[PDB]
Every structure is written in C-alpha cells, then in structure tokens.
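# Results of the structural survey
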2 protein chains.
Amino acid sequence: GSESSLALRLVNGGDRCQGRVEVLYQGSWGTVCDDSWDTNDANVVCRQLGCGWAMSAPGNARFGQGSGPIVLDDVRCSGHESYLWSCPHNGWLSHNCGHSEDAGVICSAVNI
Amino acid sequence: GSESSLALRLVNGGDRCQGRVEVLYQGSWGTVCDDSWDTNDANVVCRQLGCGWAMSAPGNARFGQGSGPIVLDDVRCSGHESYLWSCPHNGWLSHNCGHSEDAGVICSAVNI
Ligand SMILES: [Cl-]
Ligand SMILES: [Cl-]
Ligand SMILES: [Mg+2]
Ligand SMILES: [Mg+2]
Ligand SMILES: [Mg+2]
Ligand SMILES: [Mg+2]
Ligand SMILES: [Mg+2]
Ligand SMILES: [Mg+2]
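Per the deposition metadata, X-ray crystallography was the technique used to determine this entry, at a resolution of 1.36 Å.

Following this line, the structure appears as structure tokens:
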C-alpha cells in the first residue's frame, strides 16, 4: 500500500541476481537513473539482496524500461553500505532523466 | 627498522589489490591466520589500501605461505573500521595456526 517504501528488487534479468533495479516508494515500484550509477552502487544492491558482489552496473535500460516513477538519481555509494537507502543521492524523486536511462546490476551469483 | 609496526601490504596476488595479507610487526612482515577471516575483515583491508571493497576473503594460503611470524588470529572486524588495527582479535602473536592458513583478500580494484 501507499504508506510503504524501502523494498528492493531486480526485474527482467532472467535470473535472481541481475536485472533492472526497482525500489518501492509509497506503494509503487520505481526505477533508478543511470547517471553516476557504477559498480560501487551496484555492489550495495548485490550485497543487500544476497547476490554476491557486483560484476557490472549496466545503464541505458539494458534490462528494459520501467513504467513506475523515477525515484533515485546520481547515487554515490562507496560500495560498503548495508542498504541502498544509506547512500548519498539527489533526494527522492529528484531526477533529470527518462526511463531510457533505467539502471541495472549484474551480480557475481548470476547463473551459478 | 625493528621499532616500526602497523603497515599493511598485499603480496603474491599478481595485482596491487589482491593477495596474501601482511602486517608489519617490529620490523618484520607477518601474516594473518584464516580463522574467523571473512569478507568484513577483507573489506577493512581493501578500503585501508585504497583498493575498493571486498569481493572475497580467501583462506588456506591461496596466495601462498608467508615466511614471517603469524601476528594476528581470529580477526572480528565489523566492516566499519578505518584500520585493521581497530578490529577485535586474539592479541598480537596469539594464534593456533600455521602458514598453510595464511589469509588473503580479493578487492574490487583488481583490474586488467
Ligand atoms: Cl552476498
Ligand atoms: Cl596472511
Ligand atoms: Mg544517463
Ligand atoms: Mg555512483
Ligand atoms: Mg541525473
Ligand atoms: Mg583455519
Ligand atoms: Mg572475521
Ligand atoms: Mg585461531
């Protein structure tokens, strides 16, 4: 429901441990823009989901465009954070992007 | 010289950012036992050396056996420490190991 935020999932990757990053924001699953999105950020996501370490951090909607709101932009994780929510970013819903820039991750546990 | 301790290096990894962990102790480069050695401990070493975050924390002398003293055992970093010296351990030179257990790290900055 609309009171709930701060869940994380990967979609459209064909595997539990890769795909487009989606973040729950006020009942809607939103996406993350690829601006400043890098393997440090992907590693927080991969570790948070128990998927190993980040092998790469694809941009440009490699795993498709989402249909929800764009909720995070210019994420600046160091790679050591325990939650994506802990990393610096632009502020929720503050972006300069479109869904052709939706960010993704490929984690080391893919396929296995 | 023999008065100096508390420097950190990785050796025998083929890259600056992976290898056997070695710790300077009274002028000699010593090793770390793999007992309780995990990715939280590796994360502290990797960040201390400017090598990023930890991919894994290999035990059992993956990067060979050292020849110096075994100086640290049962290291229990939380992951947040800025120095390996901050982490809980068994006490300097207090170990129940041999060099076939020398600990190593593999950090994200390994590159080709
Ligand atoms: Cl993991
Ligand atoms: Cl070691
Ligand atoms: Mg972009
Ligand atoms: Mg970033
Ligand atoms: Mg932007
Ligand atoms: Mg052991
Ligand atoms: Mg430990
Ligand atoms: Mg021991």
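### A few points about the coordination of the magnesium ion (ligand 6)
All names here are of chain B. Protein coordination at the magnesium ion (ligand 6) comes from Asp34 (OD), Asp35 (OD) and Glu101 (OE), with a distance range of 2.0 to 2.1 Å. Counting residues between consecutive donors of the magnesium ion (ligand 6) along the chain gives the motif D-D-x65-E. Within this pair, whereas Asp34 is found in the loop between strand 3 (28-32) and helix 1 (39-48), its partner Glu101 is found in the loop between strand 5 (70-72) and strand 6 (104-107), the two being separated by 67 residues in sequence. Assigned by exposure class, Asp34 and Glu101 land together as buried.

### Quick word on the coordination of the magnesium ion (ligand 4)
Here the magnesium ion (ligand 4) is held by A:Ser36 (O), A:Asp38 (OD), A:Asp41 (OD) and A:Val75 (O), and the distances to it run 2.1 to 2.2 Å. Taking relative accessible area as the criterion, A:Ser36 reaches 40% and is therefore assigned partly exposed.

### As for the state of the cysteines
Residue and element names in this part refer to chain A. Tallying each qualifying case throughout the model produces eight disulfides over all chains. The disulfide partner of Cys33 is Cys97, and the S-S distance across this bridge is 2.0 Å. Handedness here is read from the sign of the S-S torsion; for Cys33 and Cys97, about -85 degrees, the answer is left-handed. Of this pair, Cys33 sits in the loop between strand 3 (28-32) and helix 1 (39-48) while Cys97 sits in the loop between strand 5 (70-72) and strand 6 (104-107), and the two are 64 residues apart along the sequence. On the basis of relative accessibility, which here comes to 15%, the residue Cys97 falls in the buried class. In chain A, the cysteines engaged in disulfides, taken in order along the sequence, are linked 1-4, 2-7, 3-8, 5-6.

### Details of the interface of chain A and chain B
Counting residues at the interface gives nine residues for chain A, matched by six residues for chain B. Taken together, the two surfaces of chain A and chain B that pack against each other cover about 640 Å², and 56% of this comes from carbon and sulfur. When the area that chain A buries against chain B is broken down by residue, the three leading residues are A:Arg47, A:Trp53 and A:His80, summing to 71%. Taken together, the connections running from chain A to chain B amount to zero salt bridges. Remark: the boundary between chain A and chain B carries four residue pairs in polar contact.

### Here we look at the packing of aromatic side chains
A complete count under the given rule lists four aromatic pairs over all chains for this structure. Between the aromatic rings of A:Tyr25 and A:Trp92, the centroid separation amounts to 5.7 Å while the plane-to-plane angle is 20 degrees, which identifies the pairing as stacked. Taken together, the residues A:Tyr25 in strand 2 (residues 18-25) and A:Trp92 in the loop between strand 5 and strand 6 connect sequence positions 67 residues apart. Summarising the aromatic geometry, the rings of B:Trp85 and B:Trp92 are spaced 6.4 Å apart at their centres and angled 40 degrees between planes, so their arrangement reads as tilted. Relative accessible area serves as the criterion here: at 22%, B:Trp85 is assigned to the partly exposed category. What links up through ring pairs into an aromatic cluster is the set A:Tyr25, A:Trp85 and A:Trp92.

### So, the environment of A:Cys97
In this structure, the C-alpha to C-alpha distance between A:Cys97 and A:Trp85, residues twelve residues apart in sequence, is 20 Å. Residues contacting A:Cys97, with those up to four places away along its chain left out, are A:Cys33, A:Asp35, A:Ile70 and A:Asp73.

### Details of the nonpolar core
Among the nonpolar cores identified, the biggest contains 25 residues, and A:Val21, A:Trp37, A:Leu84 and A:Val105 are the most heavily contacted of them. At the level of elements, strand 1 (8-15), strand 2, helix 1, strand 5 and strand 6 of chain A are the ones that each hand at least two residues to this core. Element by element, the count of residues in this core is highest for helix 1 of chain A, at four residues. Those residues in contact with A:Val21, other than ones at most four positions away along the chain, are A:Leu8, A:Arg9, A:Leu10, A:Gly30, A:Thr31, A:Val32, A:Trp37, A:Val45, A:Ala103, A:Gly104 and A:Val105. If you look at the next biggest cluster of nonpolar residues, it comprises 24 residues, including B:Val23, B:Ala42, B:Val75 and B:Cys77.

### Some remarks on the UniProt feature "disulfide bond" in chain A
Residue and element names in this part refer to chain A. A sulfur-sulfur distance of 2.0 Å separates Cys33 from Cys97, so the disulfide listed by UniProt for this pair is formed here. A sulfur-sulfur distance of 2.0 Å separates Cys77 from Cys87, so the disulfide listed by UniProt for this pair is formed here. With a gap of ten residues between them, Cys77 in the loop between strand 5 and strand 6 and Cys87 in the loop between strand 5 and strand 6 connect regions that are remote in the sequence. Classification of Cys77 as buried rests on a relative accessible area of 6%. Residue class for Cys87 comes out buried when judged on its relative accessible area of 4%.

About the criteria used
- Residues numbered from 1 in each chain as written, not as in the entry; some residues may be left out.
- Chains lettered and ligands numbered in written order.
- Heavy atoms only, no water.
- Donors = N, O, S within 2.8 Å, 3.2 Å for Na, K, Ca; no water.
- Helix = DSSP H or I, 4+ residues; strand = E, 2+ residues; numbered from the N terminus.
- Buried < 20%, exposed > 50% of the residue type's maximum accessible area, 1.4 Å probe, protein only.
- Disulfide = S-S within 2.5 Å.
- Contact = heavy atoms within 4.5 Å.
- Buried area = accessible area lost by both parts, 1.4 Å probe.
- Salt bridge = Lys/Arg side-chain N within 4 Å of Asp/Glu carboxyl O.
- Polar contact = N/O pair within 3.5 Å; in protein donor to acceptor, adjacent residues only side chain to side chain.
- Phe/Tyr/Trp six-rings, centres within 6.5 Å; stacked < 30°, edge-to-face > 60°.
- Core = buried A, V, L, I, M, F, W, Y, C linked by side-chain atoms within 4.5 Å.
- UniProt positions renumbered as here; feature names shortened; annotations may be inferred.

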